[PDB]
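Each chain, letter by letter, is given below.
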Amino acid sequence: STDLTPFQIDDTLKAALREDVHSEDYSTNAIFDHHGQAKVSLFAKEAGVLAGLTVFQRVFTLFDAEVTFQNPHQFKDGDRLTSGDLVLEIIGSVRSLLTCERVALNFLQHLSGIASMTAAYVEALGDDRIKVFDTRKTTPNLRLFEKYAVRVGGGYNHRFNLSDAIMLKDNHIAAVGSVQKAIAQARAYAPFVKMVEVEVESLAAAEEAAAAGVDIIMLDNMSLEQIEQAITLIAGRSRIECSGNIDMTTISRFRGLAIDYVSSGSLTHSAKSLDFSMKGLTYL
Amino acid sequence: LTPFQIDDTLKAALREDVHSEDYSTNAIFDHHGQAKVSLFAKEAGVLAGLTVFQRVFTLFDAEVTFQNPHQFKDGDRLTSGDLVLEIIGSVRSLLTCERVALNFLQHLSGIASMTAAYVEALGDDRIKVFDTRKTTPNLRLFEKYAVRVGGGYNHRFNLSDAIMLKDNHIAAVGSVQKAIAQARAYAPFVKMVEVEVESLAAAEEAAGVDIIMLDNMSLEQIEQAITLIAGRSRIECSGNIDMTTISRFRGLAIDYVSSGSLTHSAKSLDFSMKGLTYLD
Amino acid sequence: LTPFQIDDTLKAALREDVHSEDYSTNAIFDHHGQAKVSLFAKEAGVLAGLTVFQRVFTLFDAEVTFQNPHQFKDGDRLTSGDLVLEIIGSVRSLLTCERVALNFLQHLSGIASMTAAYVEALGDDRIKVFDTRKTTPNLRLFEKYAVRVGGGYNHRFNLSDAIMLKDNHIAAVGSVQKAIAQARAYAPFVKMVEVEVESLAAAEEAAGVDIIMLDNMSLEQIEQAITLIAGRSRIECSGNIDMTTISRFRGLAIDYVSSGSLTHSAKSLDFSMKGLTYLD
Amino acid sequence: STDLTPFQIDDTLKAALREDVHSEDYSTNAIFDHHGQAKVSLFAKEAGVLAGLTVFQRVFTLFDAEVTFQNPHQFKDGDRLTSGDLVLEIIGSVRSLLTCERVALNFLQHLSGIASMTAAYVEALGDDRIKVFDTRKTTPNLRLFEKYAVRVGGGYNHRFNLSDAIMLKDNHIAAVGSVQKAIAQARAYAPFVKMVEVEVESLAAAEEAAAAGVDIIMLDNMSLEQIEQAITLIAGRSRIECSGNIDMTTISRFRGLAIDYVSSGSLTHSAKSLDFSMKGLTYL
Amino acid sequence: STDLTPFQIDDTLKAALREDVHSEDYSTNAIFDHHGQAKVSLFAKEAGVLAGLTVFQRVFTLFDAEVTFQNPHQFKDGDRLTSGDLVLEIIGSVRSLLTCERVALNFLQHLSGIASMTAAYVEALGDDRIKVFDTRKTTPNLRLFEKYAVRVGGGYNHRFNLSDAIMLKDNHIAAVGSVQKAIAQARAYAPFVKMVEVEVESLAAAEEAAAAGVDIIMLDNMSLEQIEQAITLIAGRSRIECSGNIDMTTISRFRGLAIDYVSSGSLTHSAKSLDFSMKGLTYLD
Amino acid sequence: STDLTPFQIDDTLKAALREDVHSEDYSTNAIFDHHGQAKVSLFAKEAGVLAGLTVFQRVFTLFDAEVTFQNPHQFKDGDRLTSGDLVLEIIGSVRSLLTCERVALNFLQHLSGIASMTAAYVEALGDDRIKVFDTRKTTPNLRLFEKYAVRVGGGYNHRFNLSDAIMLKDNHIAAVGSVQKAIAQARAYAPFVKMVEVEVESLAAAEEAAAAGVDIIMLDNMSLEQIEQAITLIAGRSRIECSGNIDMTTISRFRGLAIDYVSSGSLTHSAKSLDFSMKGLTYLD
């Protein structure tokens, strides 16, 4: 239930406005010399989950401080939507509303998309002892936001960057040759403060990895027969994570296993964005 | 894309992914020589932002280099199992900024691929496929390049490029004839003027505007409005456009259709970096 | 000008002028209250970038405030001895960023003033006075605003705004008819197309291009070329333009003349900050 | 005889290129698909002094590293120009030449203007025991460059910013009330490492300022009768500087006085920029 | 351990050079032409440990790319120094050497200080099953560097920032009331990717914390009699860390215990910087 | 002296917060809601001098504008401390207090350290006609702050960077050969706006330097017998500065001389940081 501070996001939005408005909004400024106060209604035009509503609002307030917001239904991020819902009313100068509308929508649409998609996976999974995590597969320079959308949607967050945890991918192991040797080497480097996860595409190597006592074992694209085998072979010495080919329709196979979490890329990188609609402009 | 254009974006993306150091990688640093890694396309589609992929590595580590055995270039078509690039340099330099590069390459090659699908699905090649300002924020420059690569074309980059008069704008002045005159007054002869129009009657009242946009009109109406415009302006179609739908416009004397989804709703393409080995 | 547009420029200008601290000022810091300072115009001309002047102070110190007794606004005319602004706040906050603010105000009000002189000197007000990309670097945004303020209008902001085809470009394709077709091919219907032309013959071959620029042609020739264009395109004049000269164009059916000097060769206006006193 | 390092200026030019080329040079890229190597000649189209030639060159090399430069006459900054002089030849890709030409010229024109103007003042002054300084009256975010142009032109540089020296303007004195008290207060704050200059519009206050032993006294807009009086009244306890209403035609009045330097704003803020010409493009 | 990449440090060094050289080096540029080239010797003037030598070199190369470096004794970071030692020779333009010398020496001095001090604690501790960690008590905007110096000096690194691990101080526990409940609540919030450390000032609470299976237990300023009790009471279910009142002279009391690591502030925040100097300027050929 | 403006410091502090909080404060956010508000007391835990209190406060306000500050004892920078002293009370959202506490304490500790150490040297010197200056030996990208701490502590400031004054070291003189010629050449290059200091390791050269009328003469590591000779030999034509081997215990030898100022590195580069702490968290009303 944790929003984003302005300090975190203010620098990013400001660039998004400068992006969309190099010199001035000619189309808007030509027609509305008035700076006349108006109200505009933000409608959801699709079913899903709301995310980054505060971000939507912050875009307007950064362009024009004197802009204000009625919220009749007390809608908040994480609340579910349906077509034809009045999420927000936006009041202020006509130019201030018509100019930074596109930029705000772009964030709202994009984030609410990720959240919605996460929620679909979570409900589609069904098992709620098993959790749905995300990745660093993200659209660049927006990781902060995209990870918030996943939280909002029912998901959880994996390490934020390379400095958070020690995750040993298949390259890393190939480079030291051994797994036992790779892990020992990681643990040497950062002794007690860093979690150590290992990617593993064979039952044999998962044994060897659990032996050297790693924190998380990631079963990369293994079969259902093999996952079950590997859980009892690990024998709970480490956490289990599943991954690969985890789409909307696949995820349900994990229901009922004693894995701890599945994780997915698509949530962040392949998310259809939700639709919202800007209409009902009227003076006030 | 020039480096000057993109450098400052990529540098922030690296600082994003590497706040302190790459513990996972640095823990395995050895005394070994340079290594080679192979970039494989793991999905069918179009390649875009390969130079961007390369620039990410060179910004982290200047001493990194690139073999390209098949002379793959942006816009070239891909299929699963294709060796696009080989990447040679220090092992930490490869394993660290691999993710950030893949994120750009995946994301851009996705857009390009999707554009190309719409272009081939449309079929008519007198009719062109344009994009929009519906884009993921602070990456507009890149996303528009991907659309070019994919066979598409670019609409105005921002609000300051052209004058586009939406339905709100017209409602506010009341008239269309008066709204356009008022736009043309405000800016000098240098700005294009496009007008959104949801009725045959109002499309007549427009045409000399530069572009007329038929917003979500029917096939019967579009065919009527083209002859009613009588080529005094450009015709654009929009709305209710999806991969399946786009094919209706095939054979009309419109100039271009345009779409959002290309930029905002693009499944990203898949690549991968497998095949790490030390050089001798 | 919005603060978002300008903030990052001004902040660098302050860091420029104040690398360590204002020793001269800080050495005299007291326990006194807020002071008031009066901004006087010390020369005749046009006021421009007053908001910019104010933003400089507020970026250094948010708690600074501004009385404006005569309701002076940008574009208003000045004369020597005029009280434009009074500035109230901490004494260090006033004395430190005074120079940086004056530099913007002086510089912008100069351009605006000079524009206004050309506009009044031209006399014909069917004919408009445009500017160029000849500008002092990294201040183009501001300098173009000053030209608007001064009665002028703005040409394309950069190379990506419009397609302007100079004499080199035409020489390179050989033909004009072919050069234009080739430009219009490259970009979509959204880019204006201007053509530079130093002969009556080549101006005929142009007009449908959007703007035709008569580069340094004679009065006899301009009058011939207007009727030869026959209003199929816009006419612009350029070259050999100075305050004294501009008056020849008075009465022609050209659409606009354009000039460099407005931006690059503008004597800056004079202001001053006298009349510091402590408030009670 | 000191140029500008790339490290000093590279960050500023890069912004100037991004300014002039938001997306691409459509006009150039439409016509020259060839990337065909060409040569272009930089001609001076006006008499004056050359400044920031290295800056001109750096603009090209930042856009395109593979660009090169023939200089047939060994022209350098500070060298005098005349109309119809071949300063530089510029060789490289056709797009690379036609695109960043404008940006480079803008610097070259602007700097060579300042230098030229400085040189005019210096020669017009005639006395070469007396020096011609500049100010912080500068076009913003280009102070570094403009001060270099003044050096090139025969002039010298006054404090770069507020942190260099302690200069007490008439406001500052008005704020402490006394001059004797203002100076003592400055000297207290920064004891031995900072020069202390004082602006003075009366003979009486110049006495008082020289008494309290300041490093420089600035005679702000005083008459010739008064300057002469004040020099012997100072009695060489401090340096003398003159200022105000120092234009092209005025400056000559100071010739033969025992002041140390005059100083001027206009050099930086009111400098007509020199003209250069780009022509003679041909393939190679 | 391993060096620092240029990409990590470049931006920091560039600001440090802009800091020291706002307009130009008048003192240097007045006396020396751009044409001449010279060699300068970096001497260590004090006994200690070398750290951030690559950083020293990167400062020169950022100012002037054409600068180069002879290293006759193959000195590297972590190597021990003594007074008079020729660490580096530095060759290039005279201005390029005399100008950015101070800025480089500042980094080298500062880092080599931390490393040296760490090494003193490590040797003073004596037990090498017990490790010496550092903290976030650091001089600001140089945490990256200071933590590298600690590695070089024989030490190890604690969490880099608040986002690395979950460390539950005494406030945090007071706020939930229970420890068992506080930990459960942390583990709930960040489920599997975050280590969980707990500060504990009583034997009783260390029992309850080890029960709920936390990753690290921090014995905050406990007595030697109590630490020895608490280790067997934890019974190795979790890691033990000691802290508080750990200076140069105290640290030796922990020698021989079955704690895993002690940790200290002073290493980063209260480190006398080592001395070097750049003498022996002469023109080449 | 005077405080630091926000405009001067804001950018530095903002990076220090981004440094310490890359993602979020998990430890804090897990245990405490955004709604609750509390008071926390800043206690000095050590004897010394207070410096950069405004900086401490600016760190909190940059994270969270709605944070506020009671100061019961009207403590200001330059005021003396002793253990147990209630310097500040800090009121606002619980997260806002617990998160940016470390970053603020780091600045306060570090600066108050320098100030304290300066003050020790000043009192240890005893002569108050003689002043204690600092140097560019500083921890990088914090020179602005460290120089303010020296002011606060009773000291004064030397040139900020290479562009401030012209200081001619022994290399510079060796390079022109003469001193009389070196100085003339400096004065030629930057004519009237730059102070000129000269380093001198021999009585003979101090004569020649005072002759050519330089602003400051620096007696580099000279003996007490020699300093006393050189002062009368300069005959007050220029300022005298002493330097080298000036530590806590040495400095007292200069007491009673007619030098103008001694100067030291250690003040900035080798300063033990003062201790504070933030204890006494409780919820308001």
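Reading guide: rules and limits
Shown numbers run from 1 along every chain as its sequence is written, which may differ from how the entry numbers residues; residues without coordinates are omitted from display. The order in which chains are written sets their letters, starting at A; the order in which ligands are written sets their numbers, starting at 1. Remark: hydrogens and water are excluded; side-chain values derive from all non-hydrogen atoms of the structure. Residues with missing side-chain atoms are left out of burial classes, side-chain pairs and their counts. We count a stretch as a helix when DSSP gives it H or I for four or more residues in a row; a strand needs E for two or more, and each element gets its number in order from the N terminus. Note on definitions: a residue-residue contact is assigned when non-hydrogen atoms from the two residues lie within 4.5 Å. Angles shown run from 0 to 180 degrees and are taken between the N-to-C directions of axes, each axis being a line fitted to C-alpha atoms and, for helices, limited to the stretch in contact. Oblique is the label for any angle not under 35 degrees, not over 145, and not in the 65 to 115 range, which are roughly parallel, roughly antiparallel and roughly perpendicular in turn. Should the near helix be turned counterclockwise from the far one by less than a right angle, the crossing is left-handed, whereas a clockwise turn marks it as right-handed. Classification used: nonpolar for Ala, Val, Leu, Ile, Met, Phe, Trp, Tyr, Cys and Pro, charged for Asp, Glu, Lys and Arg, polar for all others including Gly. How far each domain reaches was decided by an automatic or database domain assignment. Here a strand pair is declared whenever DSSP counts at least two bridges between the two strands. Within this document, salt bridges are pairs made up of a side-chain nitrogen of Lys or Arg and a carboxyl oxygen of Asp or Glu, the two lying within 4 Å of each other. Exposed residues in this analysis have more than 50% of their type's maximum accessible area, buried residues have under 20%, and partly exposed residues fall in between, with area computed by a 1.4 Å probe over protein chains only. Note that copies are overlaid through least squares, fitting their C-alpha atoms. Side-chain rings of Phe, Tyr and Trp, where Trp is taken by its six-membered ring, are said to pair if the distance between their centres is within 6.5 Å; with planes under 30 degrees apart they count as stacked, over 60 as edge-to-face, and otherwise as tilted. Consider the ring centre and the ring normal. A charge sits over the ring if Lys NZ or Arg CZ is within 6 Å of that centre and within 35 degrees of that normal. The definition of a right-handed crossover adopted here requires that, viewed with the strands pointing away, the path from the first strand over the helix to the second runs clockwise. When charges are counted, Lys and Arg contribute as positive and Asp and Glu as negative, whereas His and the chain ends are disregarded. Here a polar contact is recorded for every N or O atom pair within 3.5 Å, except that within protein the pair must consist of a potential hydrogen donor and a potential acceptor, and residues adjacent in sequence are included only if both atoms are side-chain atoms.

The deposited coordinates for this entry were obtained by X-ray crystallography, with a reported resolution of 3.42 Å.

Visitor: A description of the overall build of chain E should follow, citing residues and the corresponding values.
Guide: Of regular secondary structure, chain E possesses 11 helices and 12 strands. When its C-alpha atoms are laid out on the principal axes, chain E stretches across 75 × 35 × 25 Å. If you take every contact in chain E between residues at least 6 apart in sequence, the share linking residues at least 24 apart comes to 73%.

Visitor: Requested: an account of the overall build of chain B, with residues and values cited.
Guide: Helices and strands together make up the secondary structure of chain B, namely 11 helices and 12 strands. Taking the principal axes of its C-alpha atoms as reference, chain B extends roughly 75 × 35 × 25 Å.

Visitor: Account for the arrangement of the chains, with residues named and values stated.
Guide: The chain pair with the greatest number of contacts, out of 14 pairs of chains in contact, is formed by chains E and F. One finds no contact between chain A and chain D; the C-alpha atoms of the two approach each other to within 10 Å at their closest.

Visitor: A description of the packing of helix α1 (residues 6–20) of chain A against helix α5 (residues 101–125) of chain A should follow, citing residues and the corresponding values.
Guide: Residue and element names in this part refer to chain A. For the pair α1 and α5, interaxial distance at closest approach is 9 Å and the crossing angle is 130 degrees. Of the possible angle classes, the one that applies to α1 and α5 is oblique. For α1 against α5, the interelement crossing comes out right-handed. Along its contact with α1, which presents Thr12, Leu13, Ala16, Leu17 and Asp20, the element α5 presents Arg102, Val103 and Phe107. Partitioning the contact of α1 with α5 into residue classes produces five nonpolar, one polar and two charged.

Visitor: Quick one: what's the story with the domain arrangement of chain B, residue by residue and with numbers?
Guide: Residues and elements named next belong to chain B. By the assigned domains, chain B splits into domain 1 (1–124 + 266–280) and domain 2 (125–265). The centre of domain 1, based on its C-alpha atoms, is set 35 Å off from the matching centre of domain 2. If you look at the interface, domain 1 gives 28 residues, while domain 2 gives 29 residues. If one sorts the elements of the side of domain 1 that touches domain 2 by residue count, helix α5 (residues 98–122) sits on top with 12 residues.

Visitor: Mind laying out the sheet that holds strand β7 (residues 163–165) of chain B, listing which residues take part and the relevant values?
Guide: Residue and element names in this part refer to chain B. In spatial order, the strands read β6-β11-β10-β9-β8-β7; together these six strands make up an open sheet with parallel pairing. With partners counted over all chains shown, the strands left at the sheet margins are β6 (128–130) and β7, one partner each. When strand polarity is set aside, the average angle formed by the axes of neighbouring strands in this sheet is 25 degrees.

Visitor: Describe the interface of chain E and chain F, and please don't skip the residues or the numbers.
Guide: Counting residues at the interface gives 58 residues for chain E and 58 residues for chain F. A per-element tally of the side of chain E that touches chain F places helix α2 (residues 26–31) of chain E first, with six residues. Of the residues contributing to the side of chain E that touches chain F, the split by class is 25 nonpolar, 21 polar and 12 charged.

Visitor: Before we move on, can you summarise the interface of chain A and chain B with the specific residues and values?
Guide: You'll often see interface size given as the accessible area lost when the parts meet. The partner chain B presents 56 residues to the 51 residues of chain A that form the contact. Of all elements in the fold, only α1, α2 (26–31), α5, β7 (166–168), α7 (170–176) and α8 (180–189) of chain A reach the threshold of two or more residues within the side of chain A that touches chain B. For the side of chain A that touches chain B, the per-class residue count stands at 21 nonpolar, 19 polar and 11 charged.

Visitor: Tell me about the pattern of salt bridges, and please be specific about residues and values.
Guide: Under the definition given, this model contains 44 salt bridges over all chains. A salt bridge links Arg140(B) to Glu19(A), with the shortest nitrogen-to-oxygen separation between them at 3.7 Å. Taken as a pair, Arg140(B) in helix α6 (residues 140–149) and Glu19(A) in helix α1 lie in two separate chains rather than in one. The two residues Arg140(B) and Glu19(A) agree in class, both being buried. Between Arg237(D) and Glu207(D) there is a salt bridge, with the nearest N and O atoms lying 3.3 Å from each other. With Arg237(D) in the loop between α10 (224–234) and β10 (239–243) and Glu207(D) in helix α9 (residues 203–211), this pair connects stretches of sequence that are 30 residues apart.

Visitor: Lay out the relation of the copies chain E and chain F in plain terms, naming residues and giving numbers.
Guide: For the match of chain E to chain F, the screw axis carries a shift of 0.0 Å, the RMSD comes to 0.0 Å, and the turn is 180 degrees. Such a turn and shift between the copies fits a two-fold axis. The residues that chain E uses at the interface reappear at the interface of chain F in 100% of cases, marking a shared surface.

Visitor: Kindly report on the packing of aromatic side chains, identifying the contributing residues and their values.
Guide: The tally for this structure, following the rule as stated, stands at 48 aromatic pairs over all chains. A ring pair is formed by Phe57(C) and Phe66(C), whose centres lie 6.0 Å apart and whose planes are at 70 degrees; its orientation type is edge-to-face. By the ring-pair criterion, three or more aromatic residues cluster together here, those being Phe133(A), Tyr156(A), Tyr261(A) and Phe192(E). Its end group placed over the ring of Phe160(D), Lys147(D) keeps NZ or CZ at 5.4 Å from the ring centre.

Visitor: Please give an account of unusual backbone geometry that cites residues and values.
Guide: A positive phi angle is found at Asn240(C), which is not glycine, with a value near 50 degrees. Counting through the fold element by element, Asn240(C) comes out in the loop between β10 (234–238) and β11 (256–258). In this structure, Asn221(E) is a non-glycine residue whose phi angle is positive, near 60 degrees.

Visitor: Go over the environment of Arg80(F) with me, naming the residues and quoting the values.
Guide: Residues and elements named next belong to chain F. Following the sequence through the fold, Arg80 ends up in strand β4 (residues 80–81). When its relative accessible area of 56% is taken as the criterion, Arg80 is described as exposed. Between the alpha carbons of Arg80 and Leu50 there is a distance of 6.2 Å; along the sequence they are 30 residues apart. With residues up to four places along the chain from it excluded, the contact list for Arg80 reads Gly48, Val49, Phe75 and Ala119.

Visitor: Explain the pairing of strand β10 (residues 239–243) of chain E to me, and be specific about the residues and the numbers.
Guide: Each regular strand carries side chains that alternate between the two faces of the sheet. Residue and element names in this part refer to chain E. When you tally the buried positions in β10, you get four out of five residues, the bulk of the element. Strand direction decides the pairing type here: strand β9 (residues 216–220) and β10, joined by five bridges, are parallel. What sits directly across from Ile217, in β10, is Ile240. Handedness of the β9-helix α10 (residues 224–234)-β10 crossover: right-handed. Pairing analysis gives two bridges linking β10 to strand β11 (residues 261–263), with the strands arranged parallel. Note on β11: the bridge partner recorded for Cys242 is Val262.

Visitor: Please set out the side chain of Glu197(A) residue by residue, giving values where relevant.
Guide: All names here are of chain A. In this fold, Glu197 is placed in strand β8 (residues 196–200). An unpaired buried charge is present at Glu197: no salt bridge exists, and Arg159, the closest side chain of opposite charge, is 6.7 Å distant. Among the polar contacts made by the side chain of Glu197, one reaches the side chain of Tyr261 at a distance of 3.0 Å. Setting aside anything within four residues of it in sequence, one finds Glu197 in contact with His158, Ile166, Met167, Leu168, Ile216, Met218, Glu241 and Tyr261.

Visitor: Describe the domain arrangement of chain E, and please don't skip the residues or the numbers.
Guide: Residue and element names in this part refer to chain E. The domains assigned to chain E are domain 1 (1–127 + 271–285) and domain 2 (128–270). The gap between the C-alpha centroids of domain 1 and domain 2 is 35 Å. Listing elements by their share of the side of domain 1 that touches domain 2, those giving two or more residues are α1 (6–20) and α5 (101–125). For the side of domain 1 that touches domain 2, the leading source of residues is α5, giving 13 residues. Taken together, the residues that form the side of domain 1 that touches domain 2 break down as 19 nonpolar, nine polar and four charged.

Visitor: Break down the sheet that holds strand β3 (residues 65–67) of chain B for me, with residues and values.
Guide: Adjacent strands of a sheet form backbone hydrogen bonds with each other and so pair up, either parallel or antiparallel. Residue and element names in this part refer to chain B. Pairing is antiparallel across the open sheet formed by four strands, whose spatial order is β3-β5-β1-β12. Among the strands making up the open sheet, the edge pair consists of β3 and β12 (271–278). Averaged over neighbouring strand pairs, the angle between their axes works out to 25 degrees when direction is ignored. Where strand β1 (residues 35–41) lies against strand β5 (residues 82–89), seven bridges are found, and the strand directions are antiparallel. If you follow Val37 over to β5, its bridge partner there is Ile87. Here helix α3 (residues 50–60) sits on the sheet and contacts β1, β3, β5 and β12; the angle it forms with β5, its principal contact strand, is near 20 degrees. This element, α5, spans β1 and β12 of the sheet and lies at about 145 degrees to β12.

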